[PDB]
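Asks: Experimental coordinates for this protein are included below, preceded by the sequence.
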Amino acid sequence: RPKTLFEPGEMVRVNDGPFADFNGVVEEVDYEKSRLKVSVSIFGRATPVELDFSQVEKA
Amino acid sequence: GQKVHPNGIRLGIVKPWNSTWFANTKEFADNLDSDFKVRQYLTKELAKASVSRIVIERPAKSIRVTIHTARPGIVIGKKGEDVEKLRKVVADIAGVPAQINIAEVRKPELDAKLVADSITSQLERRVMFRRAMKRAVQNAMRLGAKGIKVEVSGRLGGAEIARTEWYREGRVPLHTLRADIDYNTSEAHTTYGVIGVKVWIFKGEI
Amino acid sequence: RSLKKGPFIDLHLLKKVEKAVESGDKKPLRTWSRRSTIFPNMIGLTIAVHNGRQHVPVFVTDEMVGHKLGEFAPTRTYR
Amino acid sequence: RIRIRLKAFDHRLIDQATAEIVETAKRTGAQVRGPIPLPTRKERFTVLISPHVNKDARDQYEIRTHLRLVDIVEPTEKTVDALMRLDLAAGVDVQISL
Amino acid sequence: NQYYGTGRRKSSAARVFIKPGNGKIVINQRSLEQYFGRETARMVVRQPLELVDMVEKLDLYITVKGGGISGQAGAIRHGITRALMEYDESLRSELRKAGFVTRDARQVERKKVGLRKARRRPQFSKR
Amino acid sequence: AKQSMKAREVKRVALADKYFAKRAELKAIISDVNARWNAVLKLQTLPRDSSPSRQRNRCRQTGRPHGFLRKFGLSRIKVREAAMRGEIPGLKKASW
RNA sequence: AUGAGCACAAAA
RNA sequence: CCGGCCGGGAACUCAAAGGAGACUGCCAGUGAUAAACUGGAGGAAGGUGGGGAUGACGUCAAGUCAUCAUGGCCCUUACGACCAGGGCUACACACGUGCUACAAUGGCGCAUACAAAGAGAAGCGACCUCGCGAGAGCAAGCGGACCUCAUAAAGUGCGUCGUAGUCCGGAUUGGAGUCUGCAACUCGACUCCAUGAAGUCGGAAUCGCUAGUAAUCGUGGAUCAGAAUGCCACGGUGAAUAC
RNA sequence: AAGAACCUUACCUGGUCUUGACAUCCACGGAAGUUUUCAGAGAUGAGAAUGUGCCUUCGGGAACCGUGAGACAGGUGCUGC
């Protein structure tokens, strides 16, 4: 998929994830994990979620 | 040093916490320090407003407080302006956005911080200590709950030897963990030394 | 006891030893660093090592190589 | 296949939060596994009770973090929309994960 | 066909599953003589079967986690008693007379503050 | 109450964070064996007061060096008071 | 077998 | 492919939430026809089931002005402040608390079995390789029921030693190092090679313990760059004795 | 004292600073910050190089830094009788 790589400070959107339809800034990107941490506040608490690069596609 | 803190022993059983947030290992110490700084500033600014309890709940994007005041008109000022300046300065003290919530407390003679602070202000104003704790005990008993005990210790009446003198009415069971006892202390700082106030109030059993 | 990957010598003491060996025989060099391992370059000089209140002079020779400077300066006084 | 773990200092609060999550996941219709309890971390701290010298006189404390996982395995669009502000409690520290 | 016992010591949980069959028994995919037949307390395992006055008629399968050697042996004995409870009801008079129905609640008490152990105080000088 | 001591700890934290993780980690990397030397003699130029080991954990309330607890961030005397008033969340007397 | 003397304001 | 194997009701264990359960509730006797006690049935547990938290009015002018706060007194170009080194680690001695021993229920080598409790992001740090070792190498995983610390040890069989200052004991010392940290002289912790003090169960006196107790065996945490024989917790084996 | 290697330091020898290492008020200015040379045991003292913005009513806002003066700051100094 095009633009599959993400960086700190990039919009994300997951079809099966709950952090879509709201603003999303990622936490950490790890190549050994093959997945990236996304830090979106939930009821005002920042929460990291690990999602596969093919699984999450930016808007 | 015989007696344990009543709030401390029944914190697990009946009394909720003065700070009810969650944090991990890394954020715990700095969250405690921020809570200390915001509570210190609120108490310093609102000692004339006589706040009893400052309940702090942090979502961990912002921080909200539930401050308890006998006169909410003093803390809101005019049209919420004093609340607005206090919210802004407590926000840029804490380094994180803030929401201030104020709960009007009922029975100010039946809550212990304001009883102890009133006795402290009377010892600043050199009211005699026997009349101070006698009025506190009789007013709490006529206004409400069936337990009252006020202990005032240290340099009583300008003496060179400190004494501990306590009045008590009703029933105040400290050993029963079912009891609703609120313990709060306040220190009065006279010209000849410092003098401490210990107040128990027993609401009932839960 | 130290690591094999590096011996230790203070930079100011090393540069003063360099000045002493390019000058020749000179006044005792005053050092406050007892931590420094002496060297074959420092073998021969007459520098003075401080121990608390007073500085003692030490004439470094070939038997003292891996030892620090402060082994020859006594810290305490008994009897 | 998002699995949501949640921890709190209070067992009643984490019970209410987990009940809210399973009710929201079950009103729209989603296959969610039962809320399993992970073991609680019991942090024993042990402090002296006196300012000066009293070694035997010494106090003992505890932090009990109650950790739970709600175990969602079916994703639905109304579910992933409705997980936003679910627990709504300051004590509950929820974490979305795959 | 399978009769189950809970089997706890205060440190070890011995799930015992008894069937009718061969009298040879298996403790954690391993024979009892391999498990602690080199040690003692094989007889305390055999005692609930010895109270029924026959051993060979039943086949016992045992899994046990936790504890030490005698703790696992006692938990196994407790599990065999509860599995014989699932077997029959008339055995309870003999098992209760032998006292094997009860559970051992003698745990280890915690180390108390100011003492080197649970009970042991440090040495005391009057001076 | 120990104003100079707390000032020295603040200055130590500031100087260590300024001069560390930009030079000291590289000097330690060159000090480590690659998987006397001119490289290590160039390396031996290190100043002293930037070290992280010179810092000592002091209580934020009182500046007390001894009796510190890291997760609470305070000394034991202050930790007992905050626990008894109910400020440290989840703290309970372990009556076990 | 023995233990210096004073050091208990605590009040309308 | 011995990976407790994978669809898995999830049985069972386990984890933590709501409950049940024990109240002298019964049945005889004693007493006063009273509380209560003695036995037994039942039951997992029986009479406070076991442990813990909880420590009245007060005593000792007991302890802390050095955790903090504070009344009074004092210094305020010096009892304040910043640095380098040294000291708090000294040593003719006396005392308290512990550790290791004086061996044969033991020491040493090989092979093996069974836990609980915890900690981890300036962190715990697999596997593999190198080094006799402590350890060292761009090496995965895990903010944790998964990954790491992490090997439990007394035990069990085998073989050896056969009462010696010993194959008991490890102090001390001299060489060779590893780790940590800006630096291990004063003044660190381990490893290796070598040496092998006293010590043959201890005068007067004296300490703890009534059951999972004492003894004995290991394990983890706090503090902490590093450094416990101290502290705090954890479990394995497991007594003797109360007329 | 749940951790004494100059560093935790209070104690000692020596080199130094006196509105101060830690706060607030006044005036003069300079952003801050970063790199580097000479000494010295370091504290420090002389130099330089780089950067020099968000501003508003260019009031060079406000932090931070330095300098002069007092108000004061500081005390792990004494008395837990």
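Replies: Great, that's in hand. Numbering: from 1, shown residues only, chains lettered A, B, ... in the order given.

Asks: Tell me which stretches of chain C form helices.
Replies: C:11-23 (DSSP state H).

Asks: Oops, could you answer that again for chain E instead?
Replies: E:32-35, E:43-50, E:69-87, E:92-97.

Asks: between the ones you listed, which one is nearest to residue F:3?
Replies: helix E:69-87 (58.7 Å; CB to CB). (Each C-beta comes from the backbone N, C-alpha and C, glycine too.)

Asks: got the contact list for that closest one?
Replies: E:3-18, E:27, E:36, E:39-42, E:44-45, E:47-49, E:52, E:60, E:62, E:64, E:66-67, E:91-92, E:95, E:100-101, E:103-104 (CB atoms under 8 Å, 6 or more residues apart in numbering or on different chains).

Asks: Which of those fall within strands?
Replies: The members of the contacts of helix E:69-87 that map onto strands under DSSP state E are E:3-5, E:12-18, E:27, E:60, E:62, E:64, E:66.

Asks: So among the residues you listed, which ones count as buried?
Replies: E:3, E:5, E:12-18, E:27, E:60, E:62, E:64 (16 or more other CB atoms under 10 Å in any protein chain shown).

Asks: Quick check: residues of chain D near chain B?
Replies: D:7, D:8, D:9, D:10, D:49, D:50, D:90, D:91, D:92, D:93 (CB under 8 Å from any CB of the partner chain).

Asks: give me the residue from chain A nearest chain F.
Replies: Nearest residue of chain A to chain F: residue A:45, at 14.4 Å (CB to the nearest CB).

Asks: That residue contacts residue D:94, correct?
Replies: Yes. Residue A:45 sits in contact with residue D:94 when judged by CB atoms under 8 Å, with a separation of 7.2 Å.

Asks: Neighbour count for these two, which is higher?
Replies: Neighbours were counted for residue A:45 and for residue D:94 using other CB atoms under 10 Å in any protein chain shown; residue D:94 has more, 24 against 21.

Asks: Any figure for the gap between the more buried one and residue A:48?
Replies: Distance, residue D:94 to residue A:48, using CB to CB, to the nearest Å: 12 Å.

Asks: just to revisit the earlier point, could you redo the buried ones among the ones in strands among the contacts of helix E:69-87 as CSV and give each row distance to residue F:60?
Replies: Shown next, in CSV, are those (distance: CB to CB, whole Å):
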residue, distance to residue F:60
E:3, 62
E:5, 56
E:12, 47
E:13, 46
E:14, 52
E:15, 52
E:16, 57
E:17, 59
E:18, 63
E:27, 56
E:60, 62
E:62, 56
E:64, 51
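
Asks: what's across from the residue nearest in space to the middle of chain A in the sheet?
Replies: Residue closest to the mean C-alpha point of chain A, counted by CA atoms, centre = their mean, is residue A:38 at 4.0 Å. Beta-bridge pairing of residue A:38 under DSSP bridges involves residue A:26, residue A:49.

Asks: quick one, what contacts it?
Replies: Per CB under 8 Å, 6+ apart, neighbours of residue A:38: A:12, A:19, A:24, A:25, A:26, A:27, A:48, A:49, A:50, A:51, A:56.

Asks: ok, those residues vs residue B:83, which is closest?
Replies: Of the contacts of residue A:38, the one sitting nearest to residue B:83 (CB to CB) turns out to be residue A:25, at 31.7 Å.

Asks: Is that closest one in contact with residue A:9, as I believe?
Replies: Yes. Counting by CB under 8 Å, residue A:25 does reach residue A:9; the two are 6.3 Å apart.

Asks: Looking at the two now, which is surrounded by more residues?
Replies: residue A:25 (14 against 7).

Asks: Tell me how far that one lies from chain D.
Replies: According to CB to the nearest CB, to the nearest Å, residue A:25 stands 15 Å off from chain D.

Asks: can you pull the contacts of that residue?
Replies: A:8, A:9, A:10, A:38, A:39, A:40.

Asks: ok, now with 10 Å
Replies: Residues in contact with residue A:25 (CB atoms under 10 Å, 6 or more residues apart in numbering or on different chains) are A:8, A:9, A:10, A:11, A:12, A:38, A:39, A:40, A:41, A:46.

Asks: go on, residue E:108?
Replies: Counting by CB under 10 Å, 6+ apart, the residues that residue E:108 touches are E:10, E:11, E:118.

Asks: Give the PyMOL command for selecting the buried subset of these.
Replies: Here is the PyMOL command that selects the buried residues among these (16+ other CB under 10 Å):
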select buried, chain E and resi 11
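
Asks: Distance of residue C:39 relative to RNA strand G?
Replies: Distance of residue C:39 to RNA strand G, computed by CB to the nearest atom of the strand, to the nearest Å: 67 Å.

Asks: Next, name the residue at the spatial heart of chain F.
Replies: Closest-to-mean residue, chain F, CA atoms, centre = their mean: residue F:55 / 4.2 Å.

Asks: rewinding a little: return the two entries of the buried ones among the ones in strands among the contacts of helix E:69-87 that lie farthest from one another.
Replies: E:3 and E:12 (19.8 Å).

Asks: Let me see the ranges of the strands in the chain.
Replies: Let's take chain A. With DSSP E as the criterion, chain A has strands at A:25-30, A:35-42, A:45-52.

Asks: that answer is for a different chain, and I need it for chain C
Replies: Under DSSP E, chain C gives strands at C:30-31, C:48-51, C:54-57.

Asks: Ok, which of those strands comes nearest residue F:40?
Replies: Nearest of these (CB to CB): strand C:30-31, 22.0 Å.
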